[PDB]
Structure formats: structure tokens, C-alpha cells
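Asks: The structure under discussion is supplied below as C-alpha cells; questions concerning it will follow.
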There are 2 protein chains.
Amino acid sequence: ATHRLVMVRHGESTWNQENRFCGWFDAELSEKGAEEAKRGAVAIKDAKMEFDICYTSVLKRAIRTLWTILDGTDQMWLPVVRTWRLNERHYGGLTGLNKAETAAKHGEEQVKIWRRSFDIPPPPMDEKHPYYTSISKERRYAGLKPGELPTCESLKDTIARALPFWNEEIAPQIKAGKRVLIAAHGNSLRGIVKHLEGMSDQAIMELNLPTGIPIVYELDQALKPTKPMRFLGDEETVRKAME
Amino acid sequence: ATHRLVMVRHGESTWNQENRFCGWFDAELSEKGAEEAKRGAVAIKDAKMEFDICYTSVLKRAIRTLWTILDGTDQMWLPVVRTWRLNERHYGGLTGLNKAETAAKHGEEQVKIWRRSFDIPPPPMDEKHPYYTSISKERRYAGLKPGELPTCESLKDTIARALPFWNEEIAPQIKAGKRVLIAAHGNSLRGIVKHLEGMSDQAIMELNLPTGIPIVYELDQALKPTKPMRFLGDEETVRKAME
Ligand SMILES: [Cl-]
């Protein structure tokens with residue numbers, strides 16, 4: 001082990017409470033999610049963990065989680081890089097629907113196929129979708145090269161657009177000795193975990209990363225983990241996450 | 001006029017209430033200062049002003065002002081660049097002293113000379129100073145080239161280390177059509193104002209930029225202002241600042 005990497009999945013959003021697919025909808029943290037971020041900040045501060053550079057998405061539930069960590073650890077001065085490549089999976093036409101609405105519109109067996117599939121995408125977000133203008137036409141995506149803006153993503157698609165950011169931007173920083181923090185989303189972090197651990201498609205779909213709980217990796221010089229991921233927090237919080 | 005630039009001086013810190021020289025001491029915003037930041041955010045949102053990139057210092061009173069603006073304008077996803085070159089003036093050995101303590105330690109006439117001088121620095125922050133380890137040895141300055149870390153600064157010194165950041169980093173972004181926001185400190189913003197307006201040393205020492213109040217410049221293609229700075233806010237707030 002040579003390098004320490006820390007990742008955090010943001011806590012609960014307002015739409016997670018409504019069992020509503022958020023995806024690229026820019027949902028706010030709930031009060032519970034903000035408290036989870038503060039808990040993770042305390043754990044990082046207590047462990048005396050310093051960072052040198054931070055990465056997040058363009059979605060405020062992740063950015064706010066990062067901000068809470070930086071505030072609570074007195075690291076507000078650190079460089080922060082945002083990228084759409086760390087965004088949550090794009091749920092396509094399912095964006096904004098709850099579980100019952102999704103099932104009524106698309107079929108229970110069909111929705112089960114999508115939920116359990118690594119590589120079958122949900123339906124596209126088309127120009128008639130209520131959130132099309134506010135997502136697909138939003139100026140924060142205007143710099144994407146033609147062909148990069150998704151209408152929908154399978155998990156395979158999400159991972160395929162996240163990994164290039166890891167390889168080209170994050171990994172060289174780690175190799176230079178920088179201590180990285182990544183505050184992002186379950187499915188984008190899954191892409192990094194899958195790569196670090198060399199996991200199968202099935203294995204990554206069985207991993208539900210705990211929320212607001214910092215995840216610590218120790219990596220060798222080739223960025224290969226030398227031991228299992230560890231969670232930071234109070235004993236009880238950590239024991240639960242280990243389950 | 002071709003380009004719009006917005007700058008904001010952070011609001012009141014906790015030490016401004018104690019009439020204590022903060023400088024590079026990383027003082028928090030007061031409650032009043034946080035409310036001023038929120039007021040400025042509302043004014044920017046009401047004016048429908050979009051930015052593409054934001055600059056701030058490594059001091060949390062400025063960073064938090066920026067964060068408040070980004071939150072209040074739904075621009076949390078914007079790129080943010082921090083630099084020590086936008087820090088407040090380094091007050092040297094005066095850091096942490098209030099007005100009476102400064103006068104008792106250094107002399108009333110001497111302090112007046114320093115207060116009214118553009119180019120005479122205050123005394124250096126030496127290794128015996130109570131804040132030496134927490135400022136001069138702080139890891140956020142470990143990347144400065146040897147010779148760049150000050151022990152003290154005149155206003156002339158502050159401006160001389162701020163302007164290179166304007167010339168090399170901010171100005172090319174503006175010329176590419178990017179809409180810049182700068183959230184910083186009175187004395188670092190003075191350096192930019194002095195340059196934009198071609199002001200004398202005396203004139204810049206007479207300018208006390210309002211706090212938390214966004215300042216709007218319209219610049220031609222050579223980045224020369226085409227009209228006087230304007231303040232954003234409610235009528236009454238703006239009228240006061242115009243005084
Ligand atoms: Cl930031």
C-alpha cells in the first residue's frame with residue numbers, strides 16, 4: 001500500500017423519499033442526507049485525513065455533500081473538480097416517475113428486467129418528456145462532444161463514461177502522491193470500484209455502497225487495492241455498513 | 001462593451017467585529033456576513049446573471065461567500081478555481097491584533113503611516129508570532145515557489161501578486177467569452193479595479209468596495225471598462241453603496 005483514496009456516496013435526496021427515479025434530475029439533499037454528510041465529515045476529521053484534490057459530479061446532492069465534508073474538516077481551500085462523468089446513472093424516460101408510475105407505464109416484468117440488467121438501458125428521454133428541457137437542454141452539458149450526451153444509460157453505459165475520467169484525470173493525481181476525495185453517486189462510484197477490484201458485472205450489481213459513509217481504499221503503486229475497502233465512522237454505523 | 005465581469009467582496013468576518021487585523025488568518029463569516037452573501041446571491045439571481053467560471057481565494061470567508069452565491073443562483077455545478085493570489089492583504093505581525101493593541105505595540109503615528117501608505121509594509125510575521133505556524137507553515141501555501149510566500153505585504157505587494165493571476169488565468173477566460181465571477185477580498189479586488197480603470201495609487205486607496213454587494217463591469221474586447229462599475233441589489237442597498 002502506497003496511496004489512500006476516499007470516496008463518499010451522497011446521502012438521501014428529496015426524491016429518494018418519494019421512490020422517484022432522479023438520475024440527472026438535480027434533486028436536493030434531504031435533511032437526513034445533509035446529516036449523513038455531516039456525519040461523514042466528522043469521521044474524516046476524527047481520522048485526521050487530509051486531502052489534496054476533490055472530485056464531484058455536476059449534481060448538487062453530491063456537490064453539497066462535498067461542501068459539507070470540506071467545511072467540517074476545515075479543507076474549504078482545496079481544489080475541486082466537477083464532471084458530468086461522475087453523475088448518477090441517466091434513467092432516461094423513467095426520470096421523475098415513482099415505482100408505481102414506472103410499473104403502470106412500462107410493465108412489472110419489464111421493469112424487473114431493467115432493474116436486474118447490467119446492459120439493457122431504460123427507455124430514452126425524448127423531447128416530450130417533462131424533464132427533457134431541464135436536463136437534455138441544460139447548459140451544463142453544452143460542452144459535451146456530440147454523441148456524449150445520453151438519452152438513457154444502462155449501468156454498463158454509466159461505467160463506460162465514468163472510467164475515462166478516472167483513467168485520464170484522477171489516476172495520474174494519485175500516482176503523483178495526491179490524496180484524493182471523490183464525492184459522487186452510487187452508480188458512478190460503482191464504476192470505480194469495479195475497476196479497482198476487477199469485479200464482474202454481476203458482482204458490481206450486488207454492491208450497494210453505504211450513503212454518507214466514507215469508503216477508504218489503500219492502493220499500491222499500480223493503483224491496485226492491497227486490502228478490502230473500509231468504512232469510516234462510529235462503531236455502530238460501520239458495523240451496519242459491513243452487513 | 002462585449003464582456004460582463006462580476007466581482008464580490010465578502011461580508012463581515014468575526015474578526016472585523018473585533019476590529020482585529022485578519023489578513024491571512026482564516027476567519028469565518030459572521031452571521032451578518034453570511035446574510036450579506038445571501039443578499040448578493042438574490043440580486044444576481046434576480047438579474048438572471050449566468051456565470052461560466054468562478055474564482056476565489058483560499059480563505060473561507062471568501063469561499064463561503066462564493067458558495068452562498070452559487071447555491072442561491074442554482075449554479076453549484078460551475079467550475080471554481082481557488083488561488084492564494086486572491087487572498088486578502090497579509091498584515092504581517094499586525095495579524096491578530098486589534099486597533100488598541102496595534103497602537104500600543106507600534107505607535108499611533110507609525111500605525112497611521114502604515115494605514116495611509118500604498119507601499120510601506122507592516123512589520124513581518126516572524127517565527128515568534130502567535131499565528132506563524134498556522135499561516136506561514138500551513139500546507140495550503142506549500143506549493144508557492146520559494147520567495148512567493150510573504151511575511152507581510154504593503155498594498156503594492158498585494159496588487160503585485162494578484163495581477164499576474166488576472167493576466168494569466170482570468171483575462172484569457174473573459175476573452176474566450178466566459179462570464180466570470182470573482183468572490184474575493186477588498187484589497188485583492190482593488191488590484192483588479194486599479195488595473196481595469198488605470199487608477200493611481202492614491203485613487204485606489206480611496207476606494208472601499210461595498211461588502212456582499214455584486215459589482216458589475218462591462219468590458220470591451222481589450223478588457224477596458226466602457227462605463228462605471230455598477231452595483232447589484234435592491235434600490236436602497238445600491239443607493240448607499242453609490243455614496
Ligand atoms: Cl467548490
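Asks: Hey, can you tell me all the residues within region B:43-66 that are more than 28 Å from B:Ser136 (Cβ to Cβ) and touching a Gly at 6+ places or on another chain (Cβ under 7 Å)?
Replies: B:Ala43, B:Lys45
A quick yes/no check of all residues on (1) within 15 Å of the chain's Cα centre (by Cα); (2) assigned to a loop (DSSP other than H, G, I, E, B); (3) within 14 Å of chain B (Cβ to nearest Cβ):
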| residue | (1), (2), (3) |
| --- | --- |
| A:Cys54 | yes, no, yes |
| A:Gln75 | no, yes, yes |
| A:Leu78 | no, yes, yes |
| A:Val81 | yes, no, yes |
| A:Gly93 | no, no, no |
| A:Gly96 | no, yes, no |
| A:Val111 | no, no, no |
| A:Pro123 | no, yes, no |
| A:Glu127 | no, yes, no |
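Asks: Can you pull out the residues in region B:33-76 that are of a type in the set (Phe, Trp, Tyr) and in contact (Cβ under 8 Å) with a residue 60 or more places away in the chain? Outline the logic, then answer.
Replies: To start, the set of residues in region B:33-76 that are of a type in the set (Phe, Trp, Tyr) comprises B:51, B:55, B:67.
The answer is B:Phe51, B:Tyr55.
Asks: Let me spell it out: the conditions are (1) facing another protein chain (nearest Cβ under 10 Å); (2) farther than 17 Å from B:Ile53 by Cα; (3) hydrophobic (A, V, I, L, M, F, W, C), and A:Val58 meets all of them except one. Which number is the exception?
Replies: For A:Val58, the exception is condition (2).
Conditions tested, residue by residue: (1) touching a strand residue (DSSP E or B) at 6+ places or on another chain (Cβ under 6 Å); (2) within 14 Å of chain A (Cβ to nearest Cβ); (3) not aliphatic (A, V, I, L, M).
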{"position": "B:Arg20", "(1), (2), (3)": "yes, no, yes"}
{"position": "B:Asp26", "(1), (2), (3)": "no, yes, yes"}
{"position": "B:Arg39", "(1), (2), (3)": "no, no, yes"}
{"position": "B:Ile44", "(1), (2), (3)": "no, no, no"}
{"position": "B:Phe51", "(1), (2), (3)": "yes, yes, yes"}
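Asks: Also, quick follow-up: Has region B:141-153 got at least one residue that is of a type in the set (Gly, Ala, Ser) and touching an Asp or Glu at 6+ places or on another chain (Cβ under 9 Å)?
Replies: No, because not a single residue in region B:141-153 is of a type in the set (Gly, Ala, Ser) and touching an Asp or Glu at 6+ places or on another chain (Cβ under 9 Å).
Asks: Of all residues being away from the ligand (no atom under 14 Å from the Cβ) and β-branched (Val, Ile, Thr) in region A:39-72, which is surrounded by the fewest Cβ atoms within 10 Å (Cβ to Cβ)? Just the residue, please.
Replies: Ranking the qualifying residues of region A:39-72, first place goes to A:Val42.
Neighbour counts run over all protein chains shown; Cβ positions are idealised from the backbone, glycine included. Every read-out reported here was derived from the displayed coordinates using simple, explicitly stated rules and does not represent laboratory data.
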